[PDB]
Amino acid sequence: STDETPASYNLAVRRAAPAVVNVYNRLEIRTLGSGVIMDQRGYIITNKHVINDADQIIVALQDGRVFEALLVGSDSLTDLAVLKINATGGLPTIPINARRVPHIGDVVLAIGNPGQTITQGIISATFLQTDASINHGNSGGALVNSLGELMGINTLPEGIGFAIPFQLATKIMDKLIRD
């Protein structure tokens, strides 16, 4: 068995896990939830709920770096929020594939922080429904396929989880950045 390799979804994790961060409040410090680094500019999606009633927002990467974050705006209807941080050289960004089409049955990992936690499941249906366990911390976290490509943003029917389609999430983010 030492020769053979164990079936795993590790590749996807290495690709997307660095992009997913912990979100915090701020002396008093509390843990709010998860978030995702979209682009180099330093824009980060997260849930509207974590941001609310936050005086100071803090973000923590998997490599150890720690930033102060600015609230770019939110969207009540989809429970989303965007944040901004000063973009150093070589920020870890969540892999995105605008071309990929999410089909029902696709393997999906859910990444967040109910430390960092990776659950597995499939696309139950396409709002997006999945049976990868979604708790309080991994809300605002990522949801990617086996390739690692972003498929959705976890949010908050037992055993049933909800993610916002990445394309829709992408569009919402662009508008918030604008408006």
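We call the rigid core whatever largest set of C-alpha positions still superposes within 1.5 Å between the two forms. Just count from 1 along the sequence shown to find any residue number.
Once the rigid core is used to overlay the structures in 4 other deposited structures of this protein, the stretch among 133-141 and 38-46 whose CA atoms lie farther from this form is 133-141. Farther on average from this form in 4 other deposited structures of this protein lies stretch 89-97, the comparison being between 89-97 and 68-76 by RMS Cα distance after core superposition. Per the record, residue 26 and residue 27 are separated by 4 to 9 deposited residues that have no coordinates. In terms of unmodelled positions of the deposited sequence, the stretch from residue 114 to residue 115 in this entry skips 1 to 3 residues. With 50-58 and 37-45 compared on mean CA B-factor from the PDB entry, the stretch scoring higher is 50-58.
Between 101-109 and 83-91, the higher mean Cα B-factor belongs to 83-91. Looking at the C-alpha B-factors along this chain, the one for residue 160 belongs to the highest third. When the CA B factors of the chain's modelled residues are split into thirds, the value for residue 69 lands in the middle one. For residue 139, the recorded CA temperature factor ranks within the middle third of the chain's modelled residues. For residue 124, the recorded CA B-factor ranks within the lowest third of the chain. Only modelled residues enter the ranking. In this PDB entry, the Cα temperature factor of residue 176 sits in the top third of its chain's modelled residues, the highest group.
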